[PDB]
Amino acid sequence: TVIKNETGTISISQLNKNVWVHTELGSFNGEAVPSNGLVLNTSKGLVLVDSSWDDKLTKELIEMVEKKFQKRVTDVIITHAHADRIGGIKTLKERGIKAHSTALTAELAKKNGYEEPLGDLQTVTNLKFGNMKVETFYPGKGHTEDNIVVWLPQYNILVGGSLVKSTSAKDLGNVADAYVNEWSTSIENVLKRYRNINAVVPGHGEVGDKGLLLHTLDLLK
């Protein structure tokens, strides 16, 4: 289930047959800062939900999964325009890895000096990679104005991203780019759209269930 790398900075934990969570530790702020993403093992190659803090980590992550699953990373879904999500955009672009995002995430990325992801995702976009079905959903502003969630309909698995706080998060964290008055409605939009969720992957911390969305709503009070 769990697989680390050279230094411990990169680890992958299996949720299921074709779905794994990737977690990388940062260096700026706290003393570690562990971000989560997903690795989708499809029949057409590997698909990642979010990159990492920087190019160095993004390269390692890619090389780790490509060697392990014996297929190439073909696409990446960027959940918002913050560093730990879009930091390795330069690596993805130069290797020919498709970087999907909403037009708003792309716009913000460019404004902040990062290379632009595709800006192809709408409010609701349905993608399919080989066998793997993936739906992206913009539920409104919250953690950032552009944050989106990712849903795997075949597993009822929701990648909540930074819009969703783990049980360990006792506060909202970085709210510099957040919309605390709209974040609750956005969370409600997710709950209304996905009434039956098996697992919820937060932007950082332990995987949980619908309870993390409820936990986030409480943190917003």
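Numbers follow the displayed sequence, beginning with 1.
- Stretch comparison (95-103 versus 77-85) by mean CA B-factor in the PDB entry places 77-85 on top.
- For the two regions 41-49 and 177-185, the entry's Cα B-factors average higher over 41-49.
- Between the residues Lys133, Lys71, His143, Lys90, it is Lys133 that shows the highest Cα B-factor in the PDB record.
- Annotation for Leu163: CA B-factor lies in the lowest third of the chain's modelled residues.
- Ranked against the other modelled residues of its chain, the C-alpha B-factor of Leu25 as given in the entry falls in the highest third.
- Placement of the Cα temperature factor of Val201 within the chain: lowest third of the modelled residues, per the deposited record.
- Sort the chain's modelled residues by C-alpha temperature factor and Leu172 lands in the highest third, per the entry.
- Per the deposited record, the Cα B-factor of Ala32 falls in the highest third when ranked against the other modelled residues of its chain.
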